[PDB]
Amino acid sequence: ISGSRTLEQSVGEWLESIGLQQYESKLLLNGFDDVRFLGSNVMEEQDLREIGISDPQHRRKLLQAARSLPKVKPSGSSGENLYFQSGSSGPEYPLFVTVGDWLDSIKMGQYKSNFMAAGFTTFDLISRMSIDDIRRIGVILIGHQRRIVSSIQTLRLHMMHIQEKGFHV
């Protein structure tokens, strides 16, 4: 586009908007560090307890607020992209052509070497990974683990759908 793009808030600015900024360091230090990757499949009550949000009313408030954030479709890569789209004008869902490009789409590129060192370089390998499997290759921060597993789930849904349609199996 020729015109400007509006930028997303920081986690701190978002928390201030909902009266919960005292939890900023706990979120950031545990990988809840980008407002594009917070909310229902990603942020869970038990995780909030574990990182030290002991106040149950604040946990409920935070979880509801995270659910109110827009779901931002992942950006394609600057190199090659593979997209699924429903309808002539529907949203493009990227499927990626490399593990690195997939990780970059969720700002998790720092973990490419972790996946490579484990030999987890194909979709088929990665698609069945649990949170525990992800932690075990060295993704320690809970907010990053949750982000990755949520992304895997949505990518797997799209890939299964395509397979079920019966042409690219």
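Sequential numbering from 1, following the sequence displayed.
The mean Cα B-factor in the deposited entry runs higher for 15 to 23 than for the other of 149 to 157 and 15 to 23. As the entry records it, the average C-alpha temperature factor is higher for 57 to 65, out of 57 to 65 and 114 to 122. The PDB entry assigns the greatest CA B-factor among 136, 107, 36, 144 to 36. When the modelled residues of the chain are ordered by their C-alpha B factor, residue 165 lands in the middle third. When all modelled residues of the chain are sorted by CA temperature factor, residue 103 is found within the lowest third.
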